[PDB]
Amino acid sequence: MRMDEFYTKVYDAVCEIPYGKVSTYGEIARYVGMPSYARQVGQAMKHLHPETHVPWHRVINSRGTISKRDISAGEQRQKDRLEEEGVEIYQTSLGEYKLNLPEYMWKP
């Protein structure tokens, strides 16, 4: 398959995530048949228009924190967002916004 089929399946995946639940970069890689594309799971997310109806904010790193998303602090945005779905998040000695994965993970 090819990179736009790929980008579509991933957005059908993500779209599936129940409000107020979450999933992992890596899991979706797996779910769409692409067990080793976790990194490109990241970039599909990275490219969305900021219009999108796709819940990119329900996607996190497989330790259950929010990805440092380097280029600058902006992914404040992801947390402020997941808290809008009553998800609970706390913090690390050292930044790492973070959560209870087993509680919020979407296990379908």
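The numbering used is simple: start at 1 and walk along the sequence shown. Rigid core: the largest C-alpha set superposing within 1.5 Å between the two forms.
- With 15-23 and 91-99 as candidates, the stretch whose CA atoms show the greater average offset from this form in 8 other deposited structures of this protein after a core fit is 91-99.
- Taking the rigid core as the alignment reference, the C-alpha atoms of 63-71 lie farther on average from the displayed form in 8 other deposited structures of this protein than those of the other stretch among 63-71 and 29-37.
- Higher mean CA temperature factor between 58-66 and 44-52: 44-52, per the PDB entry.
- For the pair 21-29 and 94-102, the record assigns the higher mean C-alpha temperature factor to 94-102.
- In the deposited entry, the Cα temperature factor of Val87 places it in the highest third of its chain's modelled residues.
- Split the chain's modelled residues into thirds by C-alpha temperature factor. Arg77 is in the middle one.
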